[PDB]
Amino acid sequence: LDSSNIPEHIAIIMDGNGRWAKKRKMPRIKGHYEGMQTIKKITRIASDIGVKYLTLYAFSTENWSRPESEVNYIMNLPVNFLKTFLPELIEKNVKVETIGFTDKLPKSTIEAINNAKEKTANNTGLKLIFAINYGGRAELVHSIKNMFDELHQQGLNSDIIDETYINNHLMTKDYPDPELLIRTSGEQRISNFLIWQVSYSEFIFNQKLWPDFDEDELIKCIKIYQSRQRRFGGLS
């Protein structure tokens, strides 16, 4: 890797857990259990190489359409993940955050995530950001409602709204936009993930199923990224 060109923010759509379990004739939930474990491997190598922000698409606002047993299983995984992995996150100076409407989660999931946010609040290393009950359209609808009330309550009209103002009112207001979006499994679509924020992101559509995505594969993705020529509408 070119150590002077490590992306500051990588966003990942963790797809393929269902297919990984079906290949093995195991229930879909087994693939999610293995996919929650794979998050630990990726957090480790992202922190070690000096990625500043890692946003993981854990559950979207459309994923409520899935069978309730699968929804409840995914919603409970964070409790398991933080129970075993929080000590290492503290030690590795990782700061845990979320984006999404995290109020709709099971109480025990809220408590486990809040405890992890509080225990890592002053950490200055990798920001590990879980997008849980998150969708880019719903994020915009919510930010729009906030902006409409803030402007009226400040005695402002809408002439002050520009792209920068919207950036500062999204759930990602404290993060830069990701340079790189990786999606596993093969699919080639963004499925409502960070739709405003990925306007100029590089995409990589990696063919491994999420539970098979490992350190080596993350490094190969960053190497691919470093070969991309980004133009932002201009000439190279």
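Residue numbers run from 1 along the displayed sequence.
Averaged over Cα atoms, the B-factor as recorded in the entry is higher for 39 to 47 than for the other of 184 to 192 and 39 to 47. When 170 to 178 is weighed against 22 to 30, 22 to 30 comes out higher, by mean CA B-factor as recorded in the entry.
Each of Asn115, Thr98, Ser143, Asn133 has a CA temperature factor in the record; the biggest one is found at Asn115. Ranked against the other modelled residues of its chain, the C-alpha B-factor of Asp15 as given in the entry falls in the lowest third. Split the chain's modelled residues into thirds by C-alpha temperature factor. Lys127 is in the middle one.
In the deposited entry, the Cα temperature factor of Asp103 places it in the highest third of its chain's modelled residues. Per the PDB record, residue ranking by Cα B-factor puts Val71 in the lowest third of the chain. In the PDB entry, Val94 places in the lowest third of its chain by CA B-factor.
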